[PDB]
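**Student:** Coordinates in protein_27.txt, compact mmCIF, C-alpha atoms and all ligand atoms, are listed below.
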```
# COMPACT_ATOMS: atom_id res chain seq x y z
CA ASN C 3 5.42 -32.06 -2.21
CA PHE C 4 2.30 -29.90 -2.31
CA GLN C 5 -1.33 -30.69 -3.06
CA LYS C 6 -2.70 -27.74 -5.02
CA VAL C 7 -6.01 -26.45 -3.67
CA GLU C 8 -6.74 -23.45 -5.91
CA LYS C 9 -5.08 -20.56 -7.72
CA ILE C 10 -5.05 -17.31 -5.74
CA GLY C 11 -3.73 -14.97 -8.44
CA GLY C 16 4.39 -15.11 -10.86
CA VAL C 17 1.42 -17.32 -9.96
CA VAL C 18 0.22 -17.89 -6.39
CA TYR C 19 -1.56 -21.07 -5.29
CA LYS C 20 -3.22 -22.22 -2.11
CA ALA C 21 -1.54 -25.55 -1.43
CA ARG C 22 -1.38 -28.27 1.20
CA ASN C 23 2.05 -29.43 2.39
CA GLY C 27 -0.72 -31.05 6.43
CA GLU C 28 -0.01 -27.32 6.57
CA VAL C 29 -2.05 -25.05 4.28
CA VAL C 30 0.22 -22.46 2.65
CA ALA C 31 0.49 -19.95 -0.18
CA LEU C 32 2.91 -21.18 -2.84
CA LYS C 33 4.30 -18.55 -5.22
CA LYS C 34 5.98 -19.70 -8.45
CA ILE C 35 8.44 -17.24 -10.00
CA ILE C 52 15.76 -13.44 -0.08
CA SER C 53 16.50 -16.16 2.46
CA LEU C 54 17.56 -13.47 4.94
CA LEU C 55 13.90 -12.41 5.11
CA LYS C 56 12.85 -15.85 6.39
CA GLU C 57 14.41 -14.98 9.76
CA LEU C 58 12.48 -11.71 10.16
CA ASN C 59 9.22 -11.61 12.06
CA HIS C 60 6.42 -9.10 12.57
CA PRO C 61 2.67 -9.55 13.24
CA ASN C 62 1.80 -7.29 10.31
CA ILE C 63 4.06 -8.98 7.71
CA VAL C 64 3.26 -12.27 5.97
CA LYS C 65 5.68 -14.96 7.11
CA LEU C 66 8.08 -16.31 4.46
CA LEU C 67 8.37 -20.02 5.28
CA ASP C 68 10.64 -21.39 2.55
CA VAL C 69 12.59 -20.54 -0.59
CA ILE C 70 13.08 -23.27 -3.20
CA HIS C 71 15.17 -22.94 -6.38
CA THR C 72 14.89 -25.88 -8.77
CA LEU C 76 11.92 -20.02 -7.96
CA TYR C 77 9.28 -20.91 -5.36
CA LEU C 78 8.36 -18.94 -2.25
CA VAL C 79 6.21 -20.52 0.47
CA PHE C 80 4.18 -18.13 2.62
CA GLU C 81 1.76 -18.48 5.48
CA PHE C 82 -1.80 -18.52 4.13
CA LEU C 83 -4.49 -15.94 4.92
CA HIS C 84 -8.04 -16.23 3.68
CA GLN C 85 -8.97 -12.79 2.34
CA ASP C 86 -7.39 -9.61 1.05
CA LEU C 87 -8.32 -5.98 1.58
CA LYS C 88 -9.47 -5.54 -2.03
CA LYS C 89 -12.04 -8.29 -1.65
CA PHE C 90 -13.08 -6.97 1.76
CA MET C 91 -13.55 -3.44 0.41
CA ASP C 92 -15.63 -4.79 -2.48
CA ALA C 93 -17.70 -6.83 -0.02
CA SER C 94 -18.05 -3.68 2.14
CA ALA C 95 -18.82 -1.32 -0.78
CA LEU C 96 -22.51 -0.80 -0.13
CA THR C 97 -22.01 0.18 3.53
CA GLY C 98 -18.28 1.01 3.73
CA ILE C 99 -15.71 -0.22 6.25
CA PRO C 100 -16.38 1.27 9.72
CA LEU C 101 -14.00 4.06 10.69
CA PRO C 102 -12.62 2.18 13.74
CA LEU C 103 -11.64 -0.72 11.45
CA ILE C 104 -10.14 1.61 8.83
CA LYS C 105 -8.12 3.18 11.65
CA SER C 106 -7.02 -0.20 13.05
CA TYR C 107 -5.94 -1.44 9.62
CA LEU C 108 -4.03 1.76 8.81
CA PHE C 109 -2.30 1.65 12.22
CA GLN C 110 -1.30 -1.99 11.73
CA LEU C 111 -0.03 -1.41 8.18
CA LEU C 112 2.10 1.48 9.48
CA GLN C 113 3.52 -0.83 12.17
CA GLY C 114 4.42 -3.31 9.44
CA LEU C 115 6.04 -0.61 7.29
CA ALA C 116 7.94 0.85 10.25
CA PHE C 117 9.39 -2.60 10.86
CA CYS C 118 10.24 -3.18 7.18
CA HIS C 119 11.80 0.24 6.77
CA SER C 120 13.89 -0.08 9.94
CA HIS C 121 15.43 -3.22 8.40
CA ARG C 122 16.04 -1.32 5.12
CA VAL C 123 13.36 -3.31 3.26
CA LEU C 124 10.97 -1.54 0.86
CA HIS C 125 7.71 -2.95 -0.38
CA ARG C 126 7.50 -0.82 -3.60
CA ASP C 127 4.15 -2.24 -4.82
CA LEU C 128 1.59 -1.79 -2.06
CA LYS C 129 -2.01 -2.20 -3.19
CA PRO C 130 -5.22 -3.50 -1.56
CA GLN C 131 -4.90 -6.93 -3.12
CA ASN C 132 -1.44 -7.32 -1.47
CA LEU C 133 -2.91 -6.69 2.01
CA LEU C 134 -4.09 -9.87 3.74
CA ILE C 135 -6.67 -10.05 6.53
CA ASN C 136 -7.84 -12.70 8.98
CA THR C 137 -10.81 -13.23 11.29
CA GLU C 138 -8.87 -11.90 14.32
CA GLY C 139 -8.76 -8.29 13.09
CA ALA C 140 -5.19 -8.48 11.83
CA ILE C 141 -3.87 -7.19 8.50
CA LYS C 142 -0.51 -8.11 6.97
CA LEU C 143 1.78 -6.86 4.20
CA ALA C 144 2.31 -9.41 1.41
CA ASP C 145 3.39 -9.62 -2.24
CA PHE C 146 6.53 -7.53 -1.80
CA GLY C 147 8.19 -6.11 -4.91
CA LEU C 148 11.58 -7.48 -3.96
CA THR C 165 -1.89 -1.37 -11.37
CA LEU C 166 -0.40 2.18 -11.37
CA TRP C 167 -3.00 3.67 -8.99
CA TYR C 168 -0.76 3.54 -5.90
CA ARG C 169 2.54 4.57 -7.51
CA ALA C 170 4.41 7.47 -5.88
CA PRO C 171 5.10 10.50 -8.12
CA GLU C 172 8.89 10.21 -7.86
CA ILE C 173 8.64 6.71 -9.40
CA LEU C 174 6.43 8.00 -12.23
CA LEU C 175 8.92 10.87 -12.84
CA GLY C 176 11.81 8.43 -13.25
CA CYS C 177 13.72 8.76 -9.97
CA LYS C 178 16.06 5.77 -9.84
CA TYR C 179 16.91 5.89 -6.12
CA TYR C 180 13.52 6.10 -4.44
CA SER C 181 13.09 5.64 -0.71
CA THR C 182 10.87 4.29 2.04
CA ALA C 183 8.59 7.25 1.19
CA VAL C 184 7.17 5.40 -1.84
CA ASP C 185 5.41 3.01 0.52
CA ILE C 186 3.89 5.82 2.61
CA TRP C 187 2.45 7.31 -0.60
CA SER C 188 0.86 4.00 -1.57
CA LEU C 189 -0.58 3.55 1.92
CA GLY C 190 -2.05 7.05 1.81
CA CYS C 191 -3.80 6.18 -1.45
CA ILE C 192 -5.18 3.01 0.18
CA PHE C 193 -6.33 4.98 3.26
CA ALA C 194 -8.26 7.40 1.03
CA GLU C 195 -9.83 4.46 -0.84
CA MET C 196 -11.02 2.79 2.36
CA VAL C 197 -12.69 6.06 3.44
CA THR C 198 -14.37 7.05 0.16
CA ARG C 199 -14.94 3.60 -1.42
CA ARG C 200 -13.32 4.78 -4.67
CA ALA C 201 -9.73 4.76 -5.85
CA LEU C 202 -8.01 8.09 -5.26
CA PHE C 203 -5.94 8.21 -8.48
CA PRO C 204 -7.19 5.57 -10.93
CA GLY C 205 -4.85 6.22 -13.84
CA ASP C 206 -4.77 4.06 -16.96
CA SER C 207 -1.26 5.04 -18.14
CA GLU C 208 1.87 6.48 -16.56
CA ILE C 209 1.05 10.00 -17.77
CA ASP C 210 -2.64 9.65 -16.89
CA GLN C 211 -1.59 8.55 -13.41
CA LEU C 212 0.73 11.53 -13.08
CA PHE C 213 -1.84 14.00 -14.39
CA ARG C 214 -4.55 12.58 -12.11
CA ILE C 215 -2.22 13.25 -9.17
CA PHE C 216 -1.48 16.76 -10.49
CA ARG C 217 -5.16 17.60 -10.98
CA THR C 218 -5.87 16.84 -7.30
CA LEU C 219 -2.69 17.92 -5.52
CA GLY C 220 -1.57 20.62 -7.99
CA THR C 221 1.23 20.41 -10.51
CA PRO C 222 4.41 20.27 -8.41
CA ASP C 223 7.02 23.01 -8.75
CA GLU C 224 10.35 23.85 -7.17
CA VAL C 225 8.61 25.63 -4.26
CA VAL C 226 6.83 22.55 -2.96
CA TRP C 227 9.30 19.95 -4.35
CA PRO C 228 12.89 21.18 -4.74
CA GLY C 229 14.52 19.36 -7.62
CA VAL C 230 11.29 18.16 -9.25
CA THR C 231 12.07 19.97 -12.50
CA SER C 232 15.33 17.98 -12.76
CA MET C 233 13.59 14.58 -12.52
CA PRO C 234 14.40 12.32 -15.51
CA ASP C 235 10.84 12.28 -16.90
CA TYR C 236 9.80 15.77 -15.87
CA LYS C 237 8.71 17.95 -18.81
CA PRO C 238 8.37 21.74 -18.63
CA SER C 239 5.35 21.24 -20.90
CA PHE C 240 3.33 19.55 -18.13
CA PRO C 241 0.04 21.44 -17.64
CA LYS C 242 -0.05 23.57 -14.48
CA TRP C 243 -3.09 22.61 -12.42
CA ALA C 244 -3.95 24.34 -9.16
CA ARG C 245 -4.22 22.30 -5.98
CA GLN C 246 -7.80 21.35 -5.13
CA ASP C 247 -9.25 22.00 -1.69
CA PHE C 248 -8.40 18.94 0.36
CA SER C 249 -11.78 18.50 2.15
CA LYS C 250 -13.32 17.70 -1.27
CA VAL C 251 -11.05 14.67 -1.74
CA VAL C 252 -11.89 12.37 1.19
CA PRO C 253 -14.99 14.23 2.37
CA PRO C 254 -16.41 12.41 5.41
CA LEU C 255 -12.97 12.08 7.02
CA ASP C 256 -12.35 14.29 10.06
CA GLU C 257 -9.57 16.86 10.34
CA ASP C 258 -7.24 14.42 12.14
CA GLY C 259 -7.49 11.93 9.28
CA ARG C 260 -7.22 14.61 6.59
CA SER C 261 -4.11 16.03 8.28
CA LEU C 262 -2.45 12.61 8.37
CA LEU C 263 -3.43 11.90 4.77
CA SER C 264 -1.99 15.22 3.63
CA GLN C 265 1.35 14.33 5.24
CA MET C 266 1.33 10.91 3.57
CA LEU C 267 0.77 12.53 0.14
CA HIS C 268 3.41 15.26 0.29
CA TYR C 269 5.16 15.54 -3.08
CA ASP C 270 8.66 15.93 -1.67
CA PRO C 271 9.69 12.47 -0.39
CA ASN C 272 11.82 14.30 2.19
CA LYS C 273 8.72 15.99 3.62
CA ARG C 274 6.45 12.96 3.42
CA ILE C 275 5.74 11.54 6.87
CA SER C 276 7.59 8.40 8.00
CA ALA C 277 5.79 5.29 9.18
CA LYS C 278 7.18 5.78 12.70
CA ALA C 279 6.08 9.43 12.82
CA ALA C 280 2.64 8.58 11.39
CA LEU C 281 2.03 6.13 14.26
CA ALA C 282 2.30 9.08 16.68
CA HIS C 283 -0.26 11.19 14.80
CA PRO C 284 -3.32 12.38 16.80
CA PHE C 285 -5.52 10.39 14.38
CA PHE C 286 -4.53 7.24 16.29
CA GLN C 287 -5.19 8.51 19.82
CA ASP C 288 -8.38 6.43 20.01
CA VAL C 289 -7.26 3.42 17.94
CA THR C 290 -8.77 0.02 18.80
CA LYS C 291 -8.68 -3.45 17.18
CA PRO C 292 -12.20 -4.37 16.04
CA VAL C 293 -12.97 -7.77 14.58
CA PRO C 294 -14.27 -7.63 10.99
CA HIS C 295 -17.19 -9.51 9.47
CA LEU C 296 -15.57 -11.95 7.02
CA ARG C 297 -17.52 -14.22 4.68
CA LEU C 298 -15.21 -17.03 3.57
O1 LIG L 301 -1.98 -16.08 1.81
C1 LIG L 301 -0.93 -15.57 1.27
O2 LIG L 301 0.24 -15.70 1.77
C2 LIG L 301 -1.03 -14.78 -0.05
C3 LIG L 301 0.16 -14.44 -0.64
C4 LIG L 301 0.15 -13.72 -1.83
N1 LIG L 301 1.39 -13.39 -2.41
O3 LIG L 301 1.41 -12.61 -3.54
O4 LIG L 301 2.45 -13.82 -1.90
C5 LIG L 301 -1.04 -13.38 -2.40
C6 LIG L 301 -2.25 -13.73 -1.81
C7 LIG L 301 -2.23 -14.45 -0.61
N2 LIG L 301 -3.44 -14.83 0.04
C8 LIG L 301 -4.67 -14.92 -0.69
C9 LIG L 301 -5.81 -14.20 0.08
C10 LIG L 301 -7.03 -13.86 -0.85
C11 LIG L 301 -7.56 -15.09 -1.64
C12 LIG L 301 -7.93 -16.24 -0.96
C13 LIG L 301 -8.42 -17.34 -1.66
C14 LIG L 301 -8.53 -17.28 -3.05
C15 LIG L 301 -8.17 -16.13 -3.73
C16 LIG L 301 -7.68 -15.03 -3.03
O1 LIG L 302 6.20 -10.98 -0.72
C1 LIG L 302 6.80 -11.43 -1.76
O2 LIG L 302 6.14 -11.78 -2.80
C2 LIG L 302 8.35 -11.55 -1.78
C3 LIG L 302 9.00 -11.70 -3.00
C4 LIG L 302 10.39 -11.81 -3.02
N1 LIG L 302 11.03 -11.97 -4.27
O3 LIG L 302 12.29 -11.93 -4.34
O4 LIG L 302 10.28 -12.16 -5.40
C5 LIG L 302 11.11 -11.78 -1.86
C6 LIG L 302 10.46 -11.63 -0.64
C7 LIG L 302 9.07 -11.52 -0.61
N2 LIG L 302 8.39 -11.36 0.64
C8 LIG L 302 9.10 -11.49 1.88
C9 LIG L 302 8.14 -11.19 3.07
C10 LIG L 302 8.83 -11.36 4.48
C11 LIG L 302 9.47 -10.04 4.98
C12 LIG L 302 9.26 -8.85 4.27
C13 LIG L 302 9.84 -7.67 4.71
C14 LIG L 302 10.62 -7.66 5.86
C15 LIG L 302 10.83 -8.85 6.57
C16 LIG L 302 10.25 -10.03 6.12
```
Would you mind writing the file's structure down as structure tokens?
**Tutor:**
Amino acid sequence: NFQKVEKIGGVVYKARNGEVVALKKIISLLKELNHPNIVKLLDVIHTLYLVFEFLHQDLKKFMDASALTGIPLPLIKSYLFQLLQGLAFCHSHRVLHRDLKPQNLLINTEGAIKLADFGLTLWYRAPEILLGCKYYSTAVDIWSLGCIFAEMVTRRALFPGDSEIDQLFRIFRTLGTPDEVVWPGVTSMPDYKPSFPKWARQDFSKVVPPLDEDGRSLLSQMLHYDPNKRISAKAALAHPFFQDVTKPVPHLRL
């Protein structure tokens, strides 16, 4: 039914129906849900295939293309604001993403960005997932988005771990080793070990330097250890960081 065009990255292909779509080779309630910052799910076929609307670039490629100059702050702010709108919608319908990362974030020439590749490589994982919590919450997505925010600002991954424990210890070295004071119940997590090294929390203005105090404040709330203290998508949208948000159009080379 579909003329393959190319492989995007189960497997995902750009395909032609004359509609151009993204065809994923490996739910139906999601087809009826609609938000400007969420990729549209067009079809489900089980004979498992998912058919999605097609967008031409992802944030990972755009950040690489922007590496030598960086993404302008107004565009970083617009993208973060839009991604939070998408998450606030998802979370209000009790849908988690669980695997947010720059290559899952799709952009177009109009200035829009959309959530894709839902989890329905460790760099964006929330600490409660790494510590073995089985019933994690909408807060895991806010953590991932905070990591992506930091990466847009600094042009380097915040926590580029190469193993589960290296990921955890990279988080601890920056944010401090969590304890019961800042995260009640952390020492009862399934994979918590009393033998974890105890690192002090680094000064936060060292971590995303050029970012102003509004952005650092928001980031800090997105990276709270306690999922119950971590800011919600809805509350983040009201943060003073977004008082001057606009929707710039990006320079895309396709
Ligand atoms: O356009 C979608 O819907 C989509 C969906 C998924 N996904 O995992 O569902 C993953 C990527 C998607 N776009 C690809 C945009 C970047 C891209 C464009 C051309 C070649 C290589 C890479
Ligand atoms: O994005 C994927 O790759 C994906 C994968 C599966 N799955 O079961 O593998 C199932 C759904 C998937 N996206 C659905 C996106 C539409 C959507 C998302 C959130 C709220 C409202 C509407």
**Student:** By how many Å are atom CA of residue C:189 and atom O1 of ligand LIG 301 (chain L) apart?
**Tutor:**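 Spanning atom CA of residue C:189 to atom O1 of ligand LIG 301 (chain L) is a straight-line distance of 19.7 Å.
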**Student:** With a distance cut-off of 8 Å and all atoms listed in the file, select the neighbouring residues of stretch 140-173 of chain C, excluding the residue or stretch itself and same-chain residues fewer than 5 positions from it, and output the selection as an MDAnalysis selection string.
**Tutor:** chainID C and resid 61:64 107 110:111 114 124:129 132:135 178 180 184:185 187:189 191:192 201:208 211:212 215 233 269 271
**Student:** Those residues you just picked out, can you put them in a file as a PDB file, in the coordinates of the input with C-alpha atoms?
**Tutor:**
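File produced: result_19.pdb:
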```
ATOM      1  CA  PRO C  61       2.670  -9.550  13.240  1.00  0.00           C
ATOM      2  CA  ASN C  62       1.800  -7.290  10.310  1.00  0.00           C
ATOM      3  CA  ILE C  63       4.060  -8.980   7.710  1.00  0.00           C
ATOM      4  CA  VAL C  64       3.260 -12.270   5.970  1.00  0.00           C
ATOM      5  CA  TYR C 107      -5.940  -1.440   9.620  1.00  0.00           C
ATOM      6  CA  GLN C 110      -1.300  -1.990  11.730  1.00  0.00           C
ATOM      7  CA  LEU C 111      -0.030  -1.410   8.180  1.00  0.00           C
ATOM      8  CA  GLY C 114       4.420  -3.310   9.440  1.00  0.00           C
ATOM      9  CA  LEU C 124      10.970  -1.540   0.860  1.00  0.00           C
ATOM     10  CA  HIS C 125       7.710  -2.950  -0.380  1.00  0.00           C
ATOM     11  CA  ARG C 126       7.500  -0.820  -3.600  1.00  0.00           C
ATOM     12  CA  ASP C 127       4.150  -2.240  -4.820  1.00  0.00           C
ATOM     13  CA  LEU C 128       1.590  -1.790  -2.060  1.00  0.00           C
ATOM     14  CA  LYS C 129      -2.010  -2.200  -3.190  1.00  0.00           C
ATOM     15  CA  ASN C 132      -1.440  -7.320  -1.470  1.00  0.00           C
ATOM     16  CA  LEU C 133      -2.910  -6.690   2.010  1.00  0.00           C
ATOM     17  CA  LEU C 134      -4.090  -9.870   3.740  1.00  0.00           C
ATOM     18  CA  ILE C 135      -6.670 -10.050   6.530  1.00  0.00           C
ATOM     19  CA  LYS C 178      16.060   5.770  -9.840  1.00  0.00           C
ATOM     20  CA  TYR C 180      13.520   6.100  -4.440  1.00  0.00           C
ATOM     21  CA  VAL C 184       7.170   5.400  -1.840  1.00  0.00           C
ATOM     22  CA  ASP C 185       5.410   3.010   0.520  1.00  0.00           C
ATOM     23  CA  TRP C 187       2.450   7.310  -0.600  1.00  0.00           C
ATOM     24  CA  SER C 188       0.860   4.000  -1.570  1.00  0.00           C
ATOM     25  CA  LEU C 189      -0.580   3.550   1.920  1.00  0.00           C
ATOM     26  CA  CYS C 191      -3.800   6.180  -1.450  1.00  0.00           C
ATOM     27  CA  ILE C 192      -5.180   3.010   0.180  1.00  0.00           C
ATOM     28  CA  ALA C 201      -9.730   4.760  -5.850  1.00  0.00           C
ATOM     29  CA  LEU C 202      -8.010   8.090  -5.260  1.00  0.00           C
ATOM     30  CA  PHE C 203      -5.940   8.210  -8.480  1.00  0.00           C
ATOM     31  CA  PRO C 204      -7.190   5.570 -10.930  1.00  0.00           C
ATOM     32  CA  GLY C 205      -4.850   6.220 -13.840  1.00  0.00           C
ATOM     33  CA  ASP C 206      -4.770   4.060 -16.960  1.00  0.00           C
ATOM     34  CA  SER C 207      -1.260   5.040 -18.140  1.00  0.00           C
ATOM     35  CA  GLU C 208       1.870   6.480 -16.560  1.00  0.00           C
ATOM     36  CA  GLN C 211      -1.590   8.550 -13.410  1.00  0.00           C
ATOM     37  CA  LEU C 212       0.730  11.530 -13.080  1.00  0.00           C
ATOM     38  CA  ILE C 215      -2.220  13.250  -9.170  1.00  0.00           C
ATOM     39  CA  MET C 233      13.590  14.580 -12.520  1.00  0.00           C
ATOM     40  CA  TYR C 269       5.160  15.540  -3.080  1.00  0.00           C
ATOM     41  CA  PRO C 271       9.690  12.470  -0.390  1.00  0.00           C
TER      42      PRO C 271
END
```
**Student:** Taking 3 positions as the minimum chain separation for residues in the same chain, which residues sit within 8 Å of residue C:245 when counting all atoms listed in the file? Answer as a tab-separated table (two decimals) with C-alpha atoms, in the coordinates of the input.
**Tutor:**
```
chain	number	residue	atom	x	y	z
C	216	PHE	CA	-1.48	16.76	-10.49
C	217	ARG	CA	-5.16	17.60	-10.98
C	218	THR	CA	-5.87	16.84	-7.30
C	219	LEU	CA	-2.69	17.92	-5.52
C	220	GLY	CA	-1.57	20.62	-7.99
C	221	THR	CA	1.23	20.41	-10.51
```
**Student:** Using only C-alpha atoms and all ligand atoms, find each protein or nucleic acid residue lying at most 7 Å from ligand LIG 301 (chain L); present the set as a list in words.
**Tutor:**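 After applying the 7 Å limit, what remains is residues 9, 10, 11, 18, 30, 31, 33, 64, 80, 81, 82, 83, 84, 85, 86, 132, 134, 144 and 145 of chain C.
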**Student:** Could you tell me how far atom CA of residue C:116 lies from atom CA of residue C:196, in Å and to one decimal?
**Tutor:**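 So the two atoms, atom CA of residue C:116 and atom CA of residue C:196, lie 20.6 Å apart.
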**Student:** Got a sec: who's within 10 Å of stretch 229-231 of chain C, counting all atoms listed in the file, leaving out chain neighbours fewer than 2 positions off, as a PyMOL selection string?
**Tutor:** chain C and resi 171-172+175+177+222-227+233-238+269-270
**Student:** Closest to residue C:72 among C:90, C:58, C:113, C:35, using all atoms listed in the file?
**Tutor:** C:35
**Student:** Using all atoms listed in the file, can you tell me which of C:272, C:239, C:261, C:59 comes closest to ligand LIG 302 (chain L)?
**Tutor:**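 Ranked by minimum distance to ligand LIG 302 (chain L), first place goes to C:59.
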**Student:** Pick from C:105, C:119, C:297, C:273: nearest to ligand LIG 302 (chain L), with all atoms listed in the file counted?
**Tutor:**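 Among the listed residues, the smallest separation from ligand LIG 302 (chain L) belongs to C:119.
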**Student:** Might you pull out every residue within 12 Å of residue C:109, with all atoms listed in the file counted and same-chain residues fewer than 4 positions away left off, and present them as a PyMOL selection string?
**Tutor:** chain C and resi 62+102-105+113-116+139-142+189-190+193+259+262+277-291
**Student:** Within 12 Å of (-3.6, 21.1, 5.4) in the file's own coordinates, which protein, DNA or RNA residues have an atom, counting only C-alpha atoms? List them as a ChimeraX atom specification.
**Tutor:** /C:219,245-249,257-268
**Student:** Rounded to one decimal place, report the atom CA of residue C:22-atom CA of residue C:5 distance in Å.
**Tutor:**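 Going from atom CA of residue C:22 over to atom CA of residue C:5, I get 4.9 Å.
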**Student:** As a CSV table (one decimal), keeping the file's coordinate frame, please: stretch 92-108 of chain C completed to N, CA, C and O atoms.
**Tutor:**
```
chain,number,residue,atom,x,y,z
C,92,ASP,N,-14.5,-4.5,-1.6
C,92,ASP,CA,-15.6,-4.8,-2.5
C,92,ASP,C,-16.8,-5.3,-1.7
C,92,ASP,O,-18.0,-4.8,-1.9
C,93,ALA,N,-16.6,-6.3,-0.8
C,93,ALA,CA,-17.7,-6.8,0.0
C,93,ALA,C,-18.3,-5.8,0.9
C,93,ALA,O,-19.5,-5.9,1.3
C,94,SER,N,-17.6,-4.7,1.2
C,94,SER,CA,-18.0,-3.7,2.1
C,94,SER,C,-18.5,-2.5,1.4
C,94,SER,O,-18.9,-1.4,2.0
C,95,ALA,N,-18.6,-2.5,0.1
C,95,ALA,CA,-18.8,-1.3,-0.8
C,95,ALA,C,-20.2,-0.6,-0.5
C,95,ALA,O,-20.3,0.6,-0.6
C,96,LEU,N,-21.2,-1.4,-0.1
C,96,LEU,CA,-22.5,-0.8,-0.1
C,96,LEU,C,-22.7,-0.1,1.2
C,96,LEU,O,-23.5,0.9,1.3
C,97,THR,N,-22.0,-0.5,2.2
C,97,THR,CA,-22.0,0.2,3.5
C,97,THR,C,-20.7,0.9,3.9
C,97,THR,O,-20.7,1.8,4.7
C,98,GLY,N,-19.6,0.5,3.3
C,98,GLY,CA,-18.3,1.0,3.7
C,98,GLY,C,-17.7,0.3,4.9
C,98,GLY,O,-18.4,-0.2,5.8
C,99,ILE,N,-16.4,0.3,5.0
C,99,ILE,CA,-15.7,-0.2,6.2
C,99,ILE,C,-15.9,0.8,7.4
C,99,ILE,O,-15.7,2.0,7.2
C,100,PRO,N,-16.2,0.3,8.6
C,100,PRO,CA,-16.4,1.3,9.7
C,100,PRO,C,-15.1,2.0,10.0
C,100,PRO,O,-14.0,1.4,10.0
C,101,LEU,N,-15.2,3.3,10.4
C,101,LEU,CA,-14.0,4.1,10.7
C,101,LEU,C,-13.1,3.4,11.7
C,101,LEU,O,-11.9,3.4,11.5
C,102,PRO,N,-13.6,2.8,12.8
C,102,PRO,CA,-12.6,2.2,13.7
C,102,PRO,C,-11.8,1.1,13.1
C,102,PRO,O,-10.6,0.9,13.5
C,103,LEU,N,-12.4,0.3,12.1
C,103,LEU,CA,-11.6,-0.7,11.4
C,103,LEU,C,-10.7,-0.1,10.4
C,103,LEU,O,-9.5,-0.6,10.3
C,104,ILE,N,-11.1,0.9,9.7
C,104,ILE,CA,-10.1,1.6,8.8
C,104,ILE,C,-8.9,2.1,9.6
C,104,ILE,O,-7.8,1.9,9.2
C,105,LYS,N,-9.2,2.7,10.8
C,105,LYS,CA,-8.1,3.2,11.6
C,105,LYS,C,-7.2,2.1,12.2
C,105,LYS,O,-6.0,2.2,12.2
C,106,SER,N,-7.8,0.9,12.6
C,106,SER,CA,-7.0,-0.2,13.0
C,106,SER,C,-6.1,-0.7,11.9
C,106,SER,O,-5.0,-1.0,12.1
C,107,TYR,N,-6.7,-0.9,10.7
C,107,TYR,CA,-5.9,-1.4,9.6
C,107,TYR,C,-4.8,-0.5,9.2
C,107,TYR,O,-3.7,-0.9,9.0
C,108,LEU,N,-5.1,0.8,9.2
C,108,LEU,CA,-4.0,1.8,8.8
C,108,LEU,C,-2.9,1.7,9.9
C,108,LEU,O,-1.7,1.8,9.5
```
